[PDB]
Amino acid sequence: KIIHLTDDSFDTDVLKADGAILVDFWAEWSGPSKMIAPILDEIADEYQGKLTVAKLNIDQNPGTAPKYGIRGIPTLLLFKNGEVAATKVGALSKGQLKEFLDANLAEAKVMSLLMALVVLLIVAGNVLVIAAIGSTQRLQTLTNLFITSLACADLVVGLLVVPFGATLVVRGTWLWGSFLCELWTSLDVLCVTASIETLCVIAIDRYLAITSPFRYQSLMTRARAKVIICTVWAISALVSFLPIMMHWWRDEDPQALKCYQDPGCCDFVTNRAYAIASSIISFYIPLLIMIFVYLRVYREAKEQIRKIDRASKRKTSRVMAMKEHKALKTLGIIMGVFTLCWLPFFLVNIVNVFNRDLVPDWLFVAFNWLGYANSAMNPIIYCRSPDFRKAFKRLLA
């Protein structure tokens, strides 16, 4: 099933070849080229009809490999209709090579459908929450004011940020010109900052309401909640629009200047100061507040069990009941999902400031998509109340 190429036959066997053909450049002296040979025998049989495996011995046929810039061996070039679709320079296992071939044979279609469901979950989920709070008199509580702030931030992520994001990934270029690149980038940072800062404010709201319910009623008014909400949006604006629209975020580097001059380029390139300052204000200060606050809810509940056991006069030791285990799960989901979604992106974002070439561009963009996924998660996490569930069923006919 494997074709054994020469220099003469290469144009007919590979460039003029029907469909997909995987070219292996190997040598009799190269130990990593012997290691892959028995894996390509299995792939030639298992991927029958999907691709053709072709082998070229570099010792016998030295003339072909320089034309495609072969620096190391074994190198596997997948060809599609006279052109090199995908490249590698290292030896692999059968399992790792199966994944590479599956990814490049199917023309990235999974990638595009996965953006579509993300937009659908974010818009459906958040419209349903704003509707539920807006329609139902019982849901218009002080907490649900902060939930409404969050719901709007995540909604604008689904309607405007993720779509224009999706297009830049698909087309590989920015079609809407320099201004809308700057406006879209500002709208991204605004809504992500507003979302994550409002998660932090919700943590503080629930902590006061749980640990200090009578102090919370007098201390947290509707007027004070409005001021807090307005402050989070004001901060979000002054970190997003003010720096991006006035070009303060701009790096001086000439490779960066080519992206700022070209309307087709909408790469997110920041100076060190903006990358740090925006990351701290959007994520790390909110994350530390949420860790500190939700820890004091755990400590309070644990210490309150100590008060119950102390007051027994050594009669009963309390164990975790259903209510405590559910509470501890809810705490797990809040910190778990928020951190999983946004820590990788903001960790990588601070790592680029130190050494630029360490983390690839795909990983950076992929982690930013994982952050956008949090906007779909937040309705699921923060709107589980019986009153929410009643209203959701009432709105769905």
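Note that residue numbering follows the sequence shown and begins at 1.
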> Is there a break between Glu107 and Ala108, and how many deposited residues does it span: none, 1 to 3, 4 to 9, or 10 or more?
Replying inline: 1 to 3
> Quick one: higher average CA temperature factor, 119-127 or 247-255?
Replying inline: 247-255
> What stretch has the higher average Cα B-factor here, 368-376 or 59-67?
Replying inline: 59-67
>> Quiz for you: based on the deposited Cα B-factor, which of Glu182, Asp154, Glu83, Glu324 is highest?
In response: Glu83
> For the listed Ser30, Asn349, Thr330, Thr339, which has the peak Cα B-factor recorded in the PDB entry?
Replying inline: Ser30
> When the modelled residues of the chain are sorted by Cα temperature factor, does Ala44 land in the lowest, middle or highest third?
Replying inline: highest
> C-alpha B factor of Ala17, ranked within the chain: lowest, middle or highest third?
Replying inline: middle
> For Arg206, does the deposited CA B-factor place it in the lowest, middle or highest third of the chain?
Replying inline: lowest
>> Going by the CA temperature factor in the PDB record, which third of the chain does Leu51 belong to: lowest, middle or highest?
In response: highest
> Thinking about Cα B factors across the chain, which third does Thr231 belong to?
Replying inline: lowest
